[PDB]
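Summary of the model geometry
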Amino acid sequence: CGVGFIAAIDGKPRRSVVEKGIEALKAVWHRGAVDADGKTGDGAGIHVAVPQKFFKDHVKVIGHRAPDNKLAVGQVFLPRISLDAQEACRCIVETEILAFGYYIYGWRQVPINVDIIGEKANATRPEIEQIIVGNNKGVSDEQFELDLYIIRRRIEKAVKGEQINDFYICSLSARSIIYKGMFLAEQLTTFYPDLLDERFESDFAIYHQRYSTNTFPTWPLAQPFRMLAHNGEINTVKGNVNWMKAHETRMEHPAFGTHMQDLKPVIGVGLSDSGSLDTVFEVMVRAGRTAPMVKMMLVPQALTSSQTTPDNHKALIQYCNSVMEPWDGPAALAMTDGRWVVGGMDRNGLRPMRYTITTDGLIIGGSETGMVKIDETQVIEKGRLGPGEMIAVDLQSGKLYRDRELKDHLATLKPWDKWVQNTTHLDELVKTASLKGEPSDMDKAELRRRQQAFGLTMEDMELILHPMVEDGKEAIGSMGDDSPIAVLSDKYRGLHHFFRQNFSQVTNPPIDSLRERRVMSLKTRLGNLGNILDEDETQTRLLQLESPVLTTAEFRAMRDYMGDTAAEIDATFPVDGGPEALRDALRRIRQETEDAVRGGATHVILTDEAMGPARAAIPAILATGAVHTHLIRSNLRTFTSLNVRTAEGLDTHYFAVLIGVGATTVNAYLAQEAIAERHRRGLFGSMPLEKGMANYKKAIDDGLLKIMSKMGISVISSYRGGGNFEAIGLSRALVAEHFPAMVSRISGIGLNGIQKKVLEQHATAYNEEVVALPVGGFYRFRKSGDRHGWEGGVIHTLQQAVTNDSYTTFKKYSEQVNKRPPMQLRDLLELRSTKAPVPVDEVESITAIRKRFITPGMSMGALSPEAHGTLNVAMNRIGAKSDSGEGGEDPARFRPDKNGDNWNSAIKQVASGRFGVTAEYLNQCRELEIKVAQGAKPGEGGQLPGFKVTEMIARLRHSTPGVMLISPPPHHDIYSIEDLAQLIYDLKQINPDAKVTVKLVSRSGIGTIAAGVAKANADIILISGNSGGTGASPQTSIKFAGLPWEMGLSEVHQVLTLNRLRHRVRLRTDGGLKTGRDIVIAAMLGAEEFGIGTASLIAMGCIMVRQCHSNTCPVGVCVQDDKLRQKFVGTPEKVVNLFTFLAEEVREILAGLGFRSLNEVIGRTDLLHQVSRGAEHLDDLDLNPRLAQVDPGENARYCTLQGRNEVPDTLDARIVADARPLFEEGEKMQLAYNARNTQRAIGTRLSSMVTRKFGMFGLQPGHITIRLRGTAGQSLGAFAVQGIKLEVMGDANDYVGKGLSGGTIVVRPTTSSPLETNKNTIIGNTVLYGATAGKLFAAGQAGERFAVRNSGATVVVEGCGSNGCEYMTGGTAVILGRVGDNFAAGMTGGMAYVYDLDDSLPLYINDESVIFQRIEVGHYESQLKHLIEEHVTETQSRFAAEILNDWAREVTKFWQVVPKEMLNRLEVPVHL
Amino acid sequence: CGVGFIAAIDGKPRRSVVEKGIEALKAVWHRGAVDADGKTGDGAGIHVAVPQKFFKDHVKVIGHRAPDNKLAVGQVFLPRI
Ligand SMILES: Cc1cc2nc3c(=O)[nH]c(=O)nc-3n(C[C@H](O)[C@H](O)[C@H](O)COP(=O)(O)O)c2cc1C
Ligand code: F3S
């Protein structure tokens, strides 16, 4: 993957531009996806200006005359198969180009060579042709461009009207032209020989090569698009299309006029995210705005809440945020209007983008540095890009523009500072509220009756209601959930329980919510939805609210402010309406609102206060959905707004799922009354109502921010109405009609069961005389509660069976488990074979099947070391595979003791934290593991309480004892698919023995990501469920995240079979596997290996107390204090007996079924038959969308390849062939090489050889050194061991020093470069990720997210950007330059030595956990002096030498940053 | 190539109708498209009445209750990819 742009400053055409463009494109073959056929690609495109002279000469050759004005060429893909459609397309384009007055010059068939493209990509190759037209009316150029664009759009619409598919238009303009296709990005100039002539010379050029997930290519889906390029993916595209449909009707401009009517459906059909972004961008720029203004309005800079920018830019950003909803997502944009060329980043700056200026007036930019070969002495500036920045080139006068100058020129054009104060905030109205109007809070009996009307039990009002008002945050869970799904339940479940939240796997990186809170917002705007193309003051007159949720007092204040334009609507329906009262009520409301909005009302306030004994409350979610979707389909939602009052929402999930429907605000007036009645009963103590309400509001805000960051969105303005949810158990019609766009994999109950349950609950609440709330069990088991999974009798029977070692007791346990009513999905099927029963003495052995099951990872931090080692040895004793999980592991357990038992694990994990990841830790296993997203709590990192980190676990995780460890949810290394491929290559390079696996959690559309990772050479995919365990997590995350692994696994199997990819990767499932029946079912669905998990822990003595998060497990398993540890009763024989019994049961059921071996059943979906629950439930769950399958063909239904998938080798291989004496006699060496950018992960296989021969610290420093010249590739020196010195002359690409383990890497420019060192970038983003030991010396500026998660390493650089030293844990960093904004976010260990002249540090620091001061102790003075001395004597920077020279007056300019919780542990008191 | 039809004069169903229909289809192979491939053709099919009892057996097996009145069956071709 890659995107880049070249341009000339002045603007004179020259062949060198396209020459360097094609050359740089020819070197993007290392980031691609090379396959076995080697010919098929996944899309590549180039984009230049029109070569007028060539077409003029050609048309002179034909026989016409070349006019004085410029020409315009239109390039099109026409159907190739049938000769009946090409005539139609020619007819259409000619009819619609001759209807305006222009003169056709003729057609032309571009010469091509189809010999290099593969076969599968050739089966859908369309016919490429071009037409030539010319301005003859003497009209200006801008009118020419506008008219051609309108003609092109009209042709597209007219041809779409005839259903004549397989037709596309590349680009129709007189300034730009596009050559794109599905070939390989290297052989472009061979497919298009036109680019080989000496006349195609342009002022600018764009090149792009994408990385597609699936394998089926479609030509019209190749980048660049019309007037835009892109990299990555946009998270918030679902709500963007809906808001665009809303804005379509309230826009017009005289530039279009009558033909404006021809452009109503702005966003077409059947495109990716970049396609919609491109169409909107084009239709906006054709109105008069330039490129930078449109970029600032579409993807606005992250609005920082500080004074780091002049206020004019702040007013401009406020206006742009008000006028158009942002577009989040990782993106590196290179947009090219016919006048400007702007390269910019997104809000967060998640992807790299580096540019170089030559001394010839030539600017180049892209994702890498050494793609195009540049001379070393002709470089003027090597620059990078941070968040929200943008660099611009103006060809109209030949002028460059960096960030500040460009934005200042932009904000010069209009008086932005005077339009912002026209609006007002809410606090002004709150502060003037007269102290009056106290509503008499309803009686306790009334409140209890209304609460029973929605089944809100009492455990809710004290488990997740008391902490939210008392502490100021949400509750904490301790284990997976075993309550059935919302449809299979029996009690009245709220409608929100049928909605599962979404997240993002490797396709989209989630963003943390505890560090980068400055880049997120919850602003709501009332009275802003309107025109988008015009400019006036009628768009800055509105009201702004800071939070989408409101209390009662503020809501009444707003209602009093809105005056005589607010229309109320009753959301209650008469219970005696009849069998179909709900449909009548919904029709009535969805008609009444459309009536009221046209009468003169601009606000709709949906209320439900009219609930009475004869009228029940319509579910607010469904009513809001219907009303919003009707206002959207009726072209009215823009005209009004929507404020909702509820009576059933209490937790953070309800407000989120209700906002995700389309409502603007949400008010809950029951929770406040319950809080008041609980406060006046003197329960919180002496906390007044105001402070409690404030803490409650803050907790709700935190919850909304967490749930909004769980997906990758930054601003609520794009999430409202986005419909980022999954529905299970709802009918296809109801969801597909009342809700905008939510995929329901299985149809479910309609409007009969819902109304039935609602009326039954209303009757059991109001019609009877109730006085006390029921106890209820949803978070902890009770006798009057629903059916949980782990029942007391079940646990006791299993424990007696595993202790007595009795097969009959285990059989009785399995029977007891199977004889329950339906609880999960696997309770709705039934095995059904057709063959004759085979005697049990003919199926395979017990050990041969035992060698499949494994036990998942368990963090050393959550568990006690005793149970850890016990499970480890119990799995390693028989020969099966075990796990280790995160949290590292003790090194002393690498070799067996005298007794003959190995405490080492067989599988190591690579989580987002990378705590115990050193060189030695990654070479003592036979299988690696990537923890992309955890099962029980996806979209979140591993959590651990503050007092659970003892001395041992801290010395193991390389952390300061006594801190609440929160691993970052983002991965900081997998931002897209190609980065995942790079990490896979790194892991396969460091360990030439084992394999690497990836973990996932089930959701809709996971098959695409599966087929994507299947092209990344990965060979084992572990698909988790949503019923697994954890150490600690919020209950909202446990109960409301993921889907049962049935749909996910059954869809991954289908997808991986559909692209001939099943035969290359294994498949392993886990999550909720208890007995043999479920194991056989999972194997039937298409799995090979399995897991046990919590079940095994029950054999270990776990009693499901669900108090593991307090380090007080009574049986002594999840404990880190020495007192409870001595209560352990674990014994590996228990696990051996458990596995033996499970294998015996599976053998017996398979023998009875009719087969002989498991490897002859995988994929046989036809052996199951769905059985109905009957007519007692009237639900319509049809599981057929899972039982489906595609015939495999010739390959096997399972993996049929032994050994790992080989990957190509880089230069380091040839290095090993030269370093014989170091591995035969051990003598020093000193090598030199000319390294290039297409060599990834240099210096890792040598590191593996060293650590297998000698170890980590077995050598002296600087034993072997390598001098590389020229720029280096990605992931330089990843996992270097102490003794190796990599000296590179030039600059590193990305991820340098990832996981440094004692080595030494130095980067310095070529000594013959006339560049000032401290004024140029020399490293990419994400430097020294996961570093634990070593020294790094730079000679330039650093990228972004610098030295994150450092543990014990030292680093010296000459500058940094945003999020520097984020979540650092230990080591030493010295930055000599300008630090970025939000520095040292969450730093709880180590130090920072900053050098800043203009006193800008107190403005950028994140003064939360760290303190900054002057240097006061002579010891640290000498330490810093010696560090700078080592730097200057190692890399010889002029700036460091000058600093070293004048030392008397420079230390008083240095500042020191030190964490707070480390003041009382430093042996040297930093104070006096 | 060709089209044929078999009907019952009285109007009482029987297996012999479908049997003879398949028998007829098994004898128009020569007038079709023969090529060196040996597998592909140019399309064929048959059209019969709804065997109510078979779908009744299916819907009884699935767990529902067989309705007395007549069922209606629908055959749909969805995009596979
Ligand atoms: C006590 C416990 C700790 C766990 N710790 C982790 C962990 O640190 N990282 C991780 O990815 N999964 C962790 N898991 C989840 C397991 O990988 C796996 O999903 C779980 O064993 C399946 O649960 P089940 O037995 O209910 O099917 C943990 C599970 C449990 C029960
Ligand atoms: S909840 Fe955890 S602490 Fe022990 S008793 Fe059960 S495994």
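Positions along each chain are numbered from 1 by the written sequence. They may not match the entry numbering, and residues without coordinates are not shown. Here chains are named by letter from A upward and ligands by number from 1 upward, in the order in which they appear as written. The chains in this view make up only part of a larger assembly, and the values are for that part alone. In computing side-chain properties, one takes all heavy atoms of the structure into account and sets aside hydrogens as well as water.

As stated in the entry header, the method of structure determination is cryo-EM and the reported resolution is 4.1 Å.

Chain B is annotated in the PDB entry as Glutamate synthase [NADPH] large chain of Azospirillum brasilense. As recorded in the PDB, this entry has the title "Structure of Azospirillum brasilense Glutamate Synthase in a4b3 oligomeric state".

In the nomenclature of the PDB entry, chain A is known as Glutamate synthase [NADPH] large chain of Azospirillum brasilense. The record in UniProt for chain A states the following under Catalytic activity: "2 L-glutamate + NADP(+) = L-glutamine + 2-oxoglutarate + NADPH + H(+)". The UniProt entry for chain A carries this comment under Subunit: "Aggregate of 4 catalytic active heterodimers, consisting of a large and a small subunit." UniProt positions are given in the numbering used here, feature names are shortened, and annotations may be inferred rather than shown by experiment.

For the rest of this paragraph, the subject is the overall build of chain B. Strands are runs of DSSP state E lasting at least two residues, helices are runs of H or I lasting at least four, and both sets are numbered from the N terminus onward. From N to C terminus, chain B includes two helices and zero strands. Along the first, second and third principal axes, the C-alpha atoms of chain B reach 50 × 45 × 15 Å. Note on exposure labels: buried denotes an accessible area under 20% of the residue type's maximum, exposed denotes more than 50%, and partly exposed covers the range between, all computed with a 1.4 Å probe on protein chains only. Per-residue burial over chain B gives 4% buried out of 81 residues. The centroid of the 13 positive side-chain charges in chain B is displaced by 8 Å from the centroid of its 8 negative side-chain charges. Neither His nor the chain ends contribute to the count of charged residues, in which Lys and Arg are positive and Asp and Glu negative. Where a charge lies is defined by one atom per residue type, namely NZ (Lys), CZ (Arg), CG (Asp) and CD (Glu).

To continue, consider the interface of chain A and chain B. Should any heavy atoms of two residues lie within 4.5 Å, those residues are counted as being in contact. Each side of the interface is counted separately: chain A has six residues, and chain B has five residues. By definition, the buried area sums, over both parts, the 1.4 Å-probe accessible area that each loses when the two are put together. Between chain A and chain B, the buried area comes to about 550 Å², and carbon and sulfur atoms account for 58% of it. Just to be clear on terms, a salt bridge is a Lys or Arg side-chain nitrogen sitting within 4 Å of an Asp or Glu carboxyl oxygen. Taken together, chain A and chain B are joined by zero salt bridges.

Attention shifts here to the UniProt feature "active site" in chain A. Residue and element names in this part refer to chain A. Annotation from UniProt places "active site" at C1. Relative to the helices and strands, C1 is located in the segment before strand 1 (2-8). Apart from residues lying up to four places away in sequence, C1 is in contact with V28, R31, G32, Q209, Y211, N231, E368 and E978.

On to the sheet that holds strand 36 (residues 1264-1269) of chain A. All names here are of chain A. The rule for pairing is simple: two strands pair if DSSP sees at least two bridges between them. Spatially, the ten strands line up as an open sheet ordered 35-36-37-38-39-40-41-42-44-43, and their pairing is mixed. Of all strands in the sheet, those with a lone pairing partner are strand 35 (1229-1234) and strand 43 (1410-1413), marking the two edges. Each neighbouring strand pair of the sheet contributes to a mean axis angle of 10 degrees, computed without reference to strand direction. Pairing of strand 35 with strand 36 involves six bridges; the strand directions are parallel. In the strand pairing of strand 36, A1232 is matched with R1267. For helices, the fitted line uses only the C-alpha atoms of the stretch in contact; every axis is such a line through C-alpha atoms, and the angle between N-to-C directions lies from 0 to 180 degrees.

A few words now on the sheet that holds strand 5 (residues 127-134) of chain A. Residue and element names in this part refer to chain A. The four strands are arranged 4-5-3-6 in an open sheet whose pairing can be described as antiparallel. Among the strands making up the open sheet, the edge pair consists of strand 4 (103-108) and strand 6 (168-173). Each strand axis lies, on average, 15 degrees off the axis of its neighbour in the sheet, ignoring direction. Taken together, the five bridges between strand 4 and strand 5 define a ladder with antiparallel strand orientation. Counted as the bridge partner of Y103 is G134 from strand 5.

Residues and elements named next belong to chain A. Of all five residues making up strand 9 (residues 332-336), five are buried, and the element is well covered by its neighbours. Going residue by residue along strand 9, you find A332, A334 and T336 tucked away on one face and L333 and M335 tucked away on the opposite face as well. Across five bridges, the pairing between strand 9 and strand 10 (residues 340-345) is antiparallel. Across the sheet, residue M335 finds its bridge partner in strand 10, namely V342. Remark: three residues form the turn of the hairpin made by strand 9 and strand 10, two consecutive strands paired antiparallel.

What follows deals with helix 3 (residues 83-97) of chain A. All names here are of chain A. A helix is expected to span 1.5 Å multiplied by its residue count minus one. In this model helix 3 runs 22 Å from its N-terminal to its C-terminal C-alpha over 15 residues, within 8% of the 21 Å that 1.5 Å per residue would give. Looking only at helix 3, the buried set comprises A85, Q86, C89, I92, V93 and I97. When helix 3 is viewed along its axis, its buried side chains cluster within an angular range of 125 degrees and face the same direction. For helix 3, exposure combined with an orientation more than 90 degrees from the buried face picks out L83 and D84. The arc in question is formed by the directions pointing from the helix axis toward the C-beta atoms.

All right, on to a negative patch on the surface then. Each patch is built from salt-bridge-free residues with over 30% relative accessible area, joining like charges within 9 Å and nonpolar side chains (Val, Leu, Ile, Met, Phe, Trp, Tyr) within 5 Å. Where accessible areas are quoted, they stem from the Shrake-Rupley method and a 1.4 Å probe; at the residue level, only the protein chains shown are allowed to cover. Taken together, the side chains of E252, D534, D536 and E537 of chain A define an acidic patch exposed on the protein surface. Here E252 of chain A lies in the loop between helix 6 (238-247) and helix 7 (273-285).

Next up on the list: the site of ligand 1. All names here are of chain A. Near ligand 1, the surroundings consist of 18 residues, among which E886, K999, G1072, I1092 and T1094 are the closest. One nitrogen or oxygen atom from the main chain of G1071 is found 3.5 Å from an oxygen atom belonging to ligand 1. Polar contact is the term for a pair of N or O atoms within 3.5 Å; when the atoms are in protein, one must be able to donate a hydrogen and the other to accept it, and sequence-neighboring residues count only if both atoms are side-chain atoms. Within the backbone of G1072, one N or O atom sits 2.6 Å away from an oxygen atom of ligand 1. For ligand 1, whose accessible area on its own is 620 Å², the fraction buried by protein is 96%. Classification used: nonpolar for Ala, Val, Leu, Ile, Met, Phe, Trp, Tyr, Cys and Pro, charged for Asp, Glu, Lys and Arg, polar for all others including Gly. For the shell around ligand 1, the per-class residue count stands at three nonpolar, eleven polar and four charged. Nearness is defined per residue: one heavy atom within 4 Å of the molecule or strand is enough.

On to a nonpolar patch on the surface, then. Judged by side-chain polarity, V50, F54, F55 and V73 of chain B come together as a nonpolar surface patch covering roughly 360 Å² of accessible area. As for its position among the elements, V50 of chain B is in the loop between helix 1 (15-25) and helix 2 (52-62).

This part covers the domain arrangement of chain A. Residues and elements named next belong to chain A. Annotation of chain A at the domain level lists domain 1 (1-422), domain 2 (423-780), domain 3 (781-1203) and domain 4 (1204-1472). Between domain 2 and domain 3, the C-alpha centre-to-centre distance is 36 Å. Taken together, the contact between domain 2 and domain 3 spans 51 residues of the former and 64 residues of the latter. A combined buried area of about 5800 Å² lies between domain 2 and domain 3, and 58% of that area is made up of carbon and sulfur atoms. When residues of domain 2 are sorted by the area they lose upon contact with domain 3, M479, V506 and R745 head the list and together hold 14% of the total. Where domain 2 packs against domain 3, one counts four salt bridges. With a shortest N-O distance of 3.8 Å, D482 and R1106 are connected by a salt bridge. Contributions of two or more residues to the side of domain 2 that touches domain 3 are made by strand 16 (499-501) and helix 18 (652-659). Note: domain ranges come from an automatic or database domain assignment.

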